[PDB]
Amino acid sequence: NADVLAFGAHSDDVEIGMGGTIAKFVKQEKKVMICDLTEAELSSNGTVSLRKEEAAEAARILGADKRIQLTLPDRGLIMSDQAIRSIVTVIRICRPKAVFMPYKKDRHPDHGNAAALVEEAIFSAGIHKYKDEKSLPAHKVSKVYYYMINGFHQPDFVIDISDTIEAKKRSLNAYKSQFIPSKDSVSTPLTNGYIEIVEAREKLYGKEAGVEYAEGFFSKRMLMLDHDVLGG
């Protein structure tokens, strides 16, 4: 029974959006699981097998309990019954309290396409008559949040990651093939100082909240607050 299951379309998605928060939860001794929907086979730099090892190292840096690999097609995350059913299996295995996924307002259509699949799977996961591949039992996720990969939007709320900013940067630097030019690298939006741009965003969200660094999140579900109203 995971506290947190974080979905990305591609390994590095979850780290860019919420690596600071993952590291924060692990230090609170929460069980955090990461699921990549695809093997990122169409990424311009690296290979599928190199990418899997970079992703395994990023998960170890943050202290994620397990890294789950689905094999939905890169640039093929079209709404389908079969794609939803595979994701329902992952939710019903992990039984998470909270699911995180990418925010759909993003230059990469896979990020929005992934969110649409995960939303369908969250609902289907809670229906006992809906049968998944492994015929597992219904599970109702309590909290559903959206993190930002490429976007800089005004978030619904932020989480202070002032104490895990270095761990986030280490988890991103594990993806050498994506962010660090090599002899055989091609220029992408990721090879042009991308990690410093993510730091800049987390710095601006920090400012709105009066801390050094924060990650932004959206919720479609109603937020219910208690301790965080007065924060005392």
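The first residue of the sequence shown is number 1, and the count goes up from there.
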query: Of 178-186 and 35-43, the one with larger mean CA B-factor; finding: 178-186
query: Average Cα temperature factor in the PDB entry - higher stretch of 193-201, 59-67; finding: 59-67
query: Per the PDB entry, maximal CA B factor within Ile93, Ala114, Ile87, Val144; finding: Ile93
query: Within-chain third of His139 by Cα B-factor, per the entry; finding: lowest
query: Entry-reported Cα temperature factor of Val48, expressed as the chain third it lands in; finding: lowest
query: Ranked C-alpha temperature factor of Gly210 among modelled chain residues, by third; finding: highest
query: For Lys131, the third of its chain into which the C-alpha B factor falls; finding: highest
query: Relative C-alpha B-factor of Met148, binned into the chain's lowest, middle or highest third; finding: lowest
